[PDB]
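Topology and contacts: notes
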Amino acid sequence: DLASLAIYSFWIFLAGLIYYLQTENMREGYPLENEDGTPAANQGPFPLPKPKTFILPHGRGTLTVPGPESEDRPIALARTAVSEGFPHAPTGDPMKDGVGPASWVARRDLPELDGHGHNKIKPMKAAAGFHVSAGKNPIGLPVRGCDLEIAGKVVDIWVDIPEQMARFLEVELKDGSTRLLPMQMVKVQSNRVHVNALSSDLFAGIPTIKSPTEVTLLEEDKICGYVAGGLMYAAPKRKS
Amino acid sequence: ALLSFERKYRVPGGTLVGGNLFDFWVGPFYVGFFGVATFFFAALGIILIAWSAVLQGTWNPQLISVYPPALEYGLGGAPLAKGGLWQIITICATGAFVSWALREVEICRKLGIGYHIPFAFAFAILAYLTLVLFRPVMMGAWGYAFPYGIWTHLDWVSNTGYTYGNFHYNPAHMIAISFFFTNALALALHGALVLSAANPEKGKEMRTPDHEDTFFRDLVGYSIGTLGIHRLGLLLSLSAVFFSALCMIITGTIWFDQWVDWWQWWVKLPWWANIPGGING
Amino acid sequence: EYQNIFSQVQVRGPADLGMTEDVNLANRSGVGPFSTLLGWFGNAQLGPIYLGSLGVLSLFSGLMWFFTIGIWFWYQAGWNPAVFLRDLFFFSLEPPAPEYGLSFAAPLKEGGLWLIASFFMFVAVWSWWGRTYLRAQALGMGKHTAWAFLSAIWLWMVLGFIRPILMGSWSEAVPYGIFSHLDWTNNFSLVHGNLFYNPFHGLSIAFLXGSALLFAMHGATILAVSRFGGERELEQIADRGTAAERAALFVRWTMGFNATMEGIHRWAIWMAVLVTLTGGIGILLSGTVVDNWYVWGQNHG
Ligand code: BCL
Ligand code: BCL
Ligand code: BCL
Ligand SMILES: CC[C@H]1c2cc3[nH]c4c(c3C)C(=O)[C@H](C(=O)OC)c4c3nc(cc4[nH]c(cc(n2)[C@@H]1C)c(C(C)=O)c4C)[C@@H](C)[C@@H]3CCC(=O)OC/C=C(\C)CCC[C@H](C)CCC[C@H](C)CCCC(C)C
Ligand SMILES: COC(C)(C)C/C=C/C(C)=C/C=C/C(C)=C/C=C/C(C)=C/C=C\C=C(C)\C=C\C=C(/C)CC/C=C(\C)CCC=C(C)C
Ligand SMILES: CCCCCCCCCCCC[N+](C)(C)[O-]
Ligand SMILES: CCCCCCCCCCCC[N+](C)(C)[O-]
Ligand SMILES: [Cl-]
Ligand SMILES: [Fe+3]
């Protein structure tokens, strides 16, 4: 009957819909590779999709995906076993090298712009009209490491202008340089900002930016990543 | 085989138990100690399900059902053939669920990310445990729990529900429903908004969050933002399940009469209880 | 370990009047206030809203619908404010009796009103639909919100308009009432022989529950990778960074398949819209084609 028709038709449409959805999520990271980077033989059931092209705003070119995938960076790792499937140990300092939970991605080395083509993230000292509206103002507070030692002082907040939120703490170190700290990775407290992921000796190791008033996408990933890696790698110096 | 960007992440470490013993992958799947446990409780639990099917006399999956003990056994044990299999299988289901959550924590640590996902997943384990463990214990028998079968678990919902009249009138049910509905609204909106900005009118450049925020403000006068929407979705759906377990823990324990009659507390409020007219009096 | 569920600091700048593109700025309000309460969870900014002809038309008839219902609730309450507050859940505006069939000749006290308020709702909602399409068009955005909205309109249209017309009577439609629309629901299921045997019901439940699972995961993950700027769902598409890489690797390592930053939002929109799309078909077939989902289920078809 008509309802039996309805439901087979649906289960067929549902099967094509999943196929569509499945191939749409192959647009990054494919084709699969062997651990040495050659293409894997078994690529799975579904084929790759017909490439699509995004038009990046502000004359920033296009992106076509799926496209050629190069890491565009060096990976400091060696095999630990003779067969596929095991970990790859770092061959240097994973925090410096940028592997594991400290990884970054070779993103454009330009800053994300807003709808009007201006830098999306500015240090508050250059963001006209912007102030702390609620909560504790971190500017001026000292920054503490997971080893309970003091590493620097907050000298500014870096703010998303179109989204109106704090994104980085600009921290001043003992030598006078500053670094950005991911705001998602600090605990602002009444008398200090606490950073669980870094001991104090690792604060100078945070990647630095090339212009004091702008941060680029690469820069964002390198900084962010390095801070997350300390969770795993700076654990030889952390108490409760 | 590895995703094109994946090798730089398959580093040692992050395990909770076992050190570097189960620190490896099989295909795309990370194992770890709790991968092993998951597979153990899952494989063991599956065997007993097929065993239950031997005794029941059917292999049709639309008929295999594994029922809890009778109410008569209370909160004690029962024979394998008459309710004990549900007891083992239930222990295994929990084992497989909790090892799944724990294995997700291990995956999180390697990757250096937040623990939000297993935390969210733990609310669904809460709901399951309310139905098969917390509610039966308080009520005094495993019989009050639901059976493991496709269509028979649907008979439990209908029968448990209809025992208190229209279950619609459970006030926690109502709240739980609402969150379930709002989450779907918010999901369709979030899905549509991202896609509508990444996939604009043909020939145009990609839009920006600016566009997304302008679209909401133009439409309802308020835009929650891009961090707010994920805050909102995690929170909407976690509440939905929470009030589900809650509507269900109070039913048969502290409220066992019909749920429509609970609303009479409101109507008998003394300052209007005897005013004539309207629907009541 | 801070969890990013609330903001620790709030920053404020000038009110954001919004992108312009092809929008007629004569129809944007003043920026409303700034909610600090809202600012811990999301944006502090209220307004500006955009109202044009379709806005007023929708908002007008949207209120006319609401008022009609509440006017009849006072008449039911005999105009006593105390009775009103007491039996508020119990009042109900009901569709015309079966006798009147599909005619509009029904008396006011026995339908008619329901037909008035129903029409006002019908104008309000379709107005609002065209508003979501036209608001996107002005900003040059895709029409995904409007097509997804159409899937909720589907179910609503079926429940109170398409299915009544097919059954031959306005009486089949849903009443206007808190406890009374609940009862219509239970009843509907009983008369058609347990909706749990309707396969579109059980699918629509699958997607309901699946949308809670999916938004639970998507939200948890983006929070889990907001330390890498993941909440920035869009530039991560133009230029995959580590947030997108590790979010993909969580799901590949946990359960074996792939999710791109854009790709997972296609899961979102479809999981959601399928709730009301599947459900609408199940309610539409109920009583038009199928009298008893248990008996239909017995013949499996
Ligand atoms: C006739 C029946 C009654 C009624 C009686 C009941 C009863 C009885 C119950 C509900 C419950 C619920 N009902 Mg009610 N309800 C009715 C009408 C409705 C209507 C409606 C439109 O009218 C709606 C929308 C709802 C909605 C809901 C929710 C509030 C809730 C279910 C979600 C939940 O608990 O998830 C929680 C999720 C889980 C328990 C799943 C957990 C998954 C686990 C952790 C992992 C499983 C993995 C699996 C094995 C993996 C395997 C596959 C692969 C191998 C990997 N009810 C009618 C009036 N309702 C239930 C509830 O609140 O439960 C707590 C409940 O007990
Ligand atoms: C939550 C409140 C009620 C209840 C009320 C309902 C109602 C009402 C309905 C279902 C529906 C379903 N329920 Mg039930 N359900 C309950 C608890 C459970 C539990 C559990 C806690 O362990 C499980 C595994 C299931 C499983 C299922 C599926 C048979 C089906 C679709 C689920 C779905 O899409 O989810 C969302 C999840 C996803 C989209 C992710 C993928 C999940 C996959 C498909 C799970 C398959 C499990 C498989 C059949 C059994 C396990 C494999 C084992 C190794 C044997 N229910 C409790 C008691 N359930 C619907 C149905 O059609 O049933 C016939 C339906 O109408
Ligand atoms: C005792 C009752 C029966 C029952 C009878 C029904 C009936 C009858 C129906 C459902 C429906 C549904 N049921 Mg059932 N169902 C029961 C048991 C359950 C159980 C369970 C026990 O666990 C669950 C989880 C469900 C789950 C579901 C949902 C999947 C589905 C509704 C989808 C939805 O999003 O609607 C919510 C969304 C809408 C109704 C769309 C609204 C769109 C409009 C445009 C909104 C306009 C708002 C208006 C302008 C007001 C705005 C006000 C302010 C401006 C904010 N049922 C038992 C078996 N169920 C529906 C369905 O699809 O069935 C297939 C349905 O009609
Ligand atoms: C809390 C909000 C929602 C939620 C969230 C959620 N679910 C999650 C997660 C999160 C955040 C995960 O991270 C995790 C995951 O990996 O998702 C892909 C998961 C998950 N949610 C799942 C299912 C699921 N979630 C549901 C619900 C929800 N999940 C909530 C609505 C439901 C519903 C509504 O019924 C189901 C069925 C899985 C896809 C996965 C957990 C997989 C897992 O634990 O695997 C280990 C166990 C096995 C492989 C099998 C063990 C077998 C048993 C020993 C024997 C069978 C016993 C069982 C009781 C039989 C029951 C069947 C009958 C009742 C029909
Ligand atoms: C404070 O007091 C005042 C008076 C100021 C205000 C108070 C108002 C009150 C008390 C409001 C309360 C409202 C309530 C409780 C509303 C509840 C609504 C619910 C639960 C609705 C549920 C479902 C409705 C559906 C499915 C409606 C569907 C309708 C349609 C699909 C369109 C119908 C169209 C028809 C019949 C055709 C119309 C005619 C033409 C020519 C198109
Ligand atoms: C979901 C509803 C969200 C809240 C919508 C209310 C915000 C309206 C703001 C308009 C106010 C502008 N005005 C008139 C004060 O100048
Ligand atoms: C959709 C409405 C949700 C709004 C949530 C409002 C909650 C207020 C939270 C305040 C806590 C913030 N702080 C810093 C004081 O902890
Ligand atoms: Cl609420
Ligand atoms: Fe919003």
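Residues numbered from 1 in each chain as written, not as in the entry; some residues may be left out. Chains lettered and ligands numbered in written order. Heavy atoms only, no water. Residues with missing side-chain atoms left out of burial classes, pairs and counts.

Structure determination for this PDB entry is given in the record as X-ray crystallography, at a resolution of 3.07 Å.

1. Looking at the UniProt feature "transmembrane region" in chain A
Here the UniProt feature "transmembrane region" sits at residues 2-21 of chain A. Helix makes up 100% of residues 2-21 of chain A and strand 0%. Its end C-alpha atoms lie 28 Å apart. (UniProt positions renumbered as here; feature names shortened; annotations may be inferred. Helix = DSSP H or I, 4+ residues; strand = E, 2+ residues; numbered from the N terminus.)

2. Section: the interface of chain A and chain C
Each side of the interface is counted separately: chain A has 71 residues, and chain C has 53 residues. Here chain A meets chain C over a buried area of about 5300 Å², counting both sides, of which 56% is carbon and sulfur. Interface area lost by chain A to chain C is led by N25, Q164 and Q184 of chain A, which between them contribute 13%. Counting the contacts that link chain A with chain C gives 8 salt bridges. The shortest N-O distance in the salt bridge between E235 of chain C and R108 of chain A comes to 2.9 Å. Linking chain A with chain C are 26 residue pairs in polar contact. (Contact = heavy atoms within 4.5 Å. Buried area = accessible area lost by both parts, 1.4 Å probe. Salt bridge = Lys/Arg side-chain N within 4 Å of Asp/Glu carboxyl O. Polar contact = N/O pair within 3.5 Å; in protein donor to acceptor, adjacent residues only side chain to side chain.)

3. Regarding the UniProt feature "binding site: a ubiquinone" in chain B
All names here are of chain B. UniProt's feature table lists "binding site: a ubiquinone" at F216, given in the numbering used throughout. Position of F216 among the secondary structure elements: in helix 6 (residues 209-220). With residues near it in sequence (within four places) discarded, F216 still touches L189, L193, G221, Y222, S223 and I224.

4. Quick notes on the packing of helix 1 (residues 2-24) of chain A against helix 10 (residues 263-285) of chain C
Where helix 1 of chain A meets helix 10 of chain C, the closest approach of the two axes is 12 Å, and the angle between their N-to-C directions is 175°. Considering the angle they form, helix 1 of chain A stands roughly antiparallel to helix 10 of chain C. The segment helix 1 of chain A lies against helix 10 of chain C, with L2, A3, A6, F10, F13, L14, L17, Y20, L21, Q22 and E24 of chain A engaging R266, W267, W270, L274, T278 and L285 of chain C. Considering only residue class, the contact of helix 1 of chain A with helix 10 of chain C consists of 13 nonpolar, 2 polar and 2 charged. (Axes fitted to C-alpha atoms, helices over the stretch in contact; angles between N-to-C directions. Parallel < 35°, antiparallel > 145°, perpendicular 65-115°, else oblique. Nonpolar A, V, L, I, M, F, W, Y, C, P; charged D, E, K, R; others polar.)

5. Here we look at the interface of chain C and chain B
On the chain B side, the residues contacting the 98 residues of chain C number 99 residues. With both sides pooled, the region where chain C packs onto chain B buries about 8800 Å², and carbon together with sulfur makes up 67% of that total. Per-residue buried area on chain C facing chain B is highest for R86, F215 and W253 of chain C; these three make up 12% of the total on that side. When contributions to the side of chain C that touches chain B are tallied by element, the ones reaching two or more residues are helix 3 (81-86), helix 4 (113-138), helix 5 (144-167), helix 6 (178-191), helix 7 (199-224), helix 8 (235-238), helix 9 (242-255) and helix 10 of chain C. Its residues assigned to classes, the side of chain C that touches chain B comprises 50 nonpolar, 29 polar and 19 charged.

6. So, the site of ligand 3
In the vicinity of ligand 3 there are 21 residues, among which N186, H201, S204, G279 and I283 of chain C approach most closely. Between ligand 3 and the protein, one listed contact pairs a nitrogen atom with a side-chain N or O atom of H201 of chain C at 3.1 Å. Those elements that place two or more of their residues in the shell around ligand 3 are helix 4 (150-162) of chain B together with helix 4, helix 5, helix 6, helix 7 and helix 10 of chain C. Each residue belonging to the shell around ligand 3 can be placed in one class, and the counts come to 15 nonpolar, 6 polar and no charged. (Near = heavy atom within 4 Å.)

7. A few points about the domain arrangement of chain A
All names here are of chain A. By domain assignment, chain A separates into domain 1 (1-106) and domain 2 (107-240). A separation of 31 Å is found between the C-alpha centroids of domain 1 and domain 2. Contact residues are listed per partner, giving 14 residues for domain 1 and 22 residues for domain 2. Buried surface at the junction of domain 1 and domain 2, summed over both partners, amounts to about 1400 Å²; 67% is from carbon and sulfur atoms. Its largest share of buried area at the contact with domain 2, domain 1 owes to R60, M95 and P101, together 49% of the area lost on that side. Run the count over domain 1 and domain 2 and you get 0 salt bridges. Across the domain 1-domain 2 interface, the total number found is 5 residue pairs in polar contact. Along the lines of polarity and charge, the residues of the side of domain 1 that touches domain 2 split into 10 nonpolar, 3 polar and 1 charged. (Domains from an automatic or database assignment.)

8. Brief notes about the pattern of salt bridges
For the coordinates displayed, the defined rule picks out 32 salt bridges over all chains. In this structure, the salt-bridge partner of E6 of chain B is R252 of chain C, at a minimum N-O distance of 3.1 Å. Taken together, the positions of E6 of chain B in the segment before strand 1 (25-26) and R252 of chain C in helix 9 put the pair across two chains. With a relative accessible area of 4%, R252 of chain C lands in the buried category. With a closest N to O distance of 3.7 Å, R207 of chain B and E21 of chain C form a salt bridge. Taken together, the residues span two chains, with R207 of chain B in the loop between helix 5 (171-198) and helix 6 and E21 of chain C in the loop between strand 1 (9-12) and helix 1 (36-39). By relative accessible area, which is 5% here, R207 of chain B ends up buried. (Buried < 20%, exposed > 50% of the residue type's maximum accessible area, 1.4 Å probe, protein only.)

9. Comments concerning the UniProt feature "binding site: (7R,8Z)-bacteriochlorophyll b" in chain B
Residues and elements named next belong to chain B. Per the UniProt record, the feature "binding site: (7R,8Z)-bacteriochlorophyll b" sits at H153 and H173. Dropping the residues within four chain positions of it, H153 is found in contact with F146 and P147. Polar contacts involving the side chain of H153 include one to the main-chain carbonyl oxygen of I150, which spans 2.6 Å. What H173 contacts, discounting residues up to four positions off in sequence, is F167, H168 and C247.

10. Some remarks on the environment of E94 of chain C
All names here are of chain C. With respect to the element layout, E94 can be found in the loop between helix 3 and helix 4. Residues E94 and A124, spaced 30 residues apart in sequence, show a C-alpha to C-alpha distance of 20 Å. Beyond its immediate sequence surroundings of up to four residues, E94 is in contact with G111, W114, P175 and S180. Only 2.5 Å separates the side chain of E94 from the side chain of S92, close enough to count as a polar contact.

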